[PDB]
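Structure assessment
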2 protein chains.
Amino acid sequence: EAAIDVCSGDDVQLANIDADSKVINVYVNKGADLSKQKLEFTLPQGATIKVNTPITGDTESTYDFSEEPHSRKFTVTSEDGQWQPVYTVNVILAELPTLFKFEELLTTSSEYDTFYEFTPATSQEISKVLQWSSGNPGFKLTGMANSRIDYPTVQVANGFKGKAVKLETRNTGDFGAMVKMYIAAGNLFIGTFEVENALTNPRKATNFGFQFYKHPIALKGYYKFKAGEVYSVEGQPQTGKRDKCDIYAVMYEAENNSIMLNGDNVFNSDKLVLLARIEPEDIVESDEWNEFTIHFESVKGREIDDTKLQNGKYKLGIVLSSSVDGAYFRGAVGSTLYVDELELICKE
Amino acid sequence: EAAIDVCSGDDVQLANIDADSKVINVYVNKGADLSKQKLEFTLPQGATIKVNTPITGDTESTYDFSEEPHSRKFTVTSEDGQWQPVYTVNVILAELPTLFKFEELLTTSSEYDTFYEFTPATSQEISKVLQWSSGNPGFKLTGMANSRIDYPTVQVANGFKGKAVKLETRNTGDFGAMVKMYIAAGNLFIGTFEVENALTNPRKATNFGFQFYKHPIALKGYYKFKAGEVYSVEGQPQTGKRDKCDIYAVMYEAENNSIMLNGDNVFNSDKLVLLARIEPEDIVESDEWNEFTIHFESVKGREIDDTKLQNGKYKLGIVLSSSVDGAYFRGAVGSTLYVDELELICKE
Ligand SMILES: [Cl-]
Ligand SMILES: [Cl-]
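Structure report, in brief.

Analysis parameters
- Residues numbered from 1 in each chain as written, not as in the entry; some residues may be left out.
- Chains lettered and ligands numbered in written order.
- Heavy atoms only, no water.
- Residues with missing side-chain atoms left out of burial classes, pairs and counts.
- Pairing = 2+ DSSP bridges.
- Helix = DSSP H or I, 4+ residues; strand = E, 2+ residues; numbered from the N terminus.
- Buried < 20%, exposed > 50% of the residue type's maximum accessible area, 1.4 Å probe, protein only.
- Least-squares fit on C-alpha atoms.
- Contact = heavy atoms within 4.5 Å.
- Buried area = accessible area lost by both parts, 1.4 Å probe.
- Salt bridge = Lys/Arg side-chain N within 4 Å of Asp/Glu carboxyl O.
- Polar contact = N/O pair within 3.5 Å; in protein donor to acceptor, adjacent residues only side chain to side chain.
- Nonpolar A, V, L, I, M, F, W, Y, C, P; charged D, E, K, R; others polar.
- Core = buried A, V, L, I, M, F, W, Y, C linked by side-chain atoms within 4.5 Å.

Regarding the sheet that holds strand 18 (residues 206-208) of chain A
- A sheet is described by the order of its strands in space; here three strands give the open sequence 17-18-24 (chain A), paired in antiparallel fashion. Looking along the sheet, the strands with just one partner apiece sit at the ends: strand 17 (191-193) and strand 24 (261-262) of chain A.

Following this line, the structure appears as structure tokens:
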């Protein structure tokens, strides 16, 4: 009859729904406009939802949560018409994490894995939260997967410390071949996946970056990589080249908060300030985990302006991929990159 | 009558003398010319020393240890003339460390502390060794110290993990004032101290850097700092300025292995490639240990050439000081900087 099954939103990294107390805790990245929050509620069929006290700051597509304690009540009325449970929605500010462990999955996402990072706030610092994105919602559309384990991006149990992320380049079948999307690289990235572009503009579907308030120096982690056996270009097998995985991170200037880089301009936009990237020559294929440390280097002499950093003008992105040229459909089905325990080393 | 009490040398980071077996293990930094080793032996009064088998590679002031196992025998004959113990001298290649813990002191240096770092070799890597330098041999000349604890550079027991280094700016007395060397900053650095310049050219006395074969990204550590009460310039008290400590590291190109930077050109030489340095604004005065992380930044767009790095053309230096402008005699007697557990984060 009436309830809130899922809560999403433009700036929502994570939304915890406590069905017992009817409390929804929504974590958003610092910098989000609290006065203009766009939220999306998934309710049972025929049920309606309405904010209890509308306020002037509200618009027809957003809610104003700017006033402390950034908490608003909502009533869900059944189609049935008889049940009207009241939910409290609390918006909580968070920052991107420093450590990424790949231990947690969204319990709402059952068809494929969706990873998130979370560290509770303390007296010293606010909540550290991130919902990682991938190409999984696009891969779903291929009809190729049977369950979560067939996807290009999957959580595995025997990580370096706890669980880890497994990225595997997958075969997209005949239809994939027809639309020239011959392979599906496994990826994990900070930003958003626009599924309405997944097939029409796969590189535009991957948007990278969230507001970051620290100065990054290095990205450190552990990985294992094994290349697939058959390297292909435009769907056809090629000899003489072995596939390689990819790990990189970016810091770029976003004049206004709506600006994001994507798969088509991440390495060519003049907004890019810092870039850390694993050297192809340094990648090994081993059954043992290897530690890597990469350096956030200045792009064309650009540097981080502290005042701009403080005002949220820079966005950080981290991208992991099983096939370095996979976004262009060059790579080998079966290339598998496992990553675990990433650490962002920042100026301190 | 006859023995080897101390063994030193131009390229000798550390020399262990095992009096029981009469074995001297000399660790030198990778890059040293094994065919031209200059060694200095301290023997009892009147005793003489001579290499057992001279070889063609020998010169009148150096020894050739290039041939494996880089081991030569030496006989020490007493003035007494009756005792001739034979010592075996083994030269061992080492690299600069990654971790600096300030736990060990040279047992030969009793008047003032001389710190060294040591990690034994393994199947994976060679010995990691460094003898740290300081201004202590110069301070000795002031007559101001009673024992090791009065020096500007001293090991203290209650470090962050084990023992730590305590750098304290000291008063140089009336003679110091006469020669315009009004204060003595406590320092610790990678390189060499030329005591014959200690008074005549104190900045030239501090030579920085040893051959380093990795790409440094960041220097990380723990510190506590407390400024002295009276800030002075040219021996005279000044109000309106509080003293600050300093921590920095450099990577510079050395065309030939004899090139070193010093106190007069470390921040102006065109050989400088990378510089990491703590921001004055980021230093706090606290009774609690604080972690710092500084970034090796490109100087004037310069970058590390891998082939040159591999051939030992770059030297790394790390410098710690209780008074940032202490080399120019601006600072406060009593400024105290404790450092512990430094870690060099490198590309991997
Ligand atoms: Cl969840
Ligand atoms: Cl010793």
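So much for the structure itself; the text now carries on.
Re the pairing of strand 28 (residues 314-321) of chain B
Residues and elements named next belong to chain B.
- Extensive coverage of strand 28 is indicated by the burial of eight of its eight residues.
- Strand direction decides the pairing type here: strand 16 (residues 187-189) and strand 28, joined by three bridges, are antiparallel. Residue pairing for strand 28: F189 is matched across the bridge by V319.
- Direction of pairing for strand 19 (residues 210-211) relative to strand 28: antiparallel, over a ladder of two bridges. If you follow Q211 over to strand 28, its bridge partner there is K315.
- By the bridge criterion, eight bridges tie strand 23 (residues 246-253) to strand 28 in an arrangement that is antiparallel. When the sheet's bridge partners are listed, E253 is paired in strand 28 with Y314.

Observations regarding the relation of the copies chain B and chain A
- Between chain B and chain A, the superposition needs a rotation of 180° and an axial shift of 0.0 Å, giving an RMSD of 0.0 Å. Taken together, the rotation and translation describe the operation of a two-fold axis.
- Mapped onto chain A, 100% of the interface residues of chain B again fall at the interface, so both copies present the same surface.

So, the interface of chain B and chain A
- Listed as interface residues are 16 residues of chain B and, on the opposing side, 16 residues of chain A.
- Summing both partners gives a buried area of about 1,300 Å² for chain B against chain A, and 48% of it is carried by carbon and sulfur.
- When the buried area of chain B at its contact with chain A is split by residue, B:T293, B:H295 and B:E348 rank highest and sum to 44% of it.
- At the junction of chain B and chain A, the tally comes to two salt bridges.
- When the shortest N-O distance is used, the salt bridge between B:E297 and A:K347 registers 3.4 Å.
- Seen at the junction of chain B and chain A, the total is five residue pairs in polar contact.
- Secondary structure elements with two or more residues in the side of chain B that touches chain A: strand 20 (216-226), strand 26 (290-295) and strand 30 (336-346) of chain B.
- Counting residues per element, the side of chain B that touches chain A draws most heavily on strand 26 of chain B, at five residues.
- The residue inventory of the side of chain B that touches chain A, partitioned by class, reads seven nonpolar, three polar and six charged.

So, the nonpolar core
- Counting residues in each nonpolar core, the largest one holds 40 residues, and the members touching the most others are B:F102, B:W132 and B:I318.
- Looking at this core, the elements with two or more residues in it are strand 13 (164-168), strand 20, strand 23, strand 25 (272-277), strand 26, strand 28 and strand 30 of chain B.

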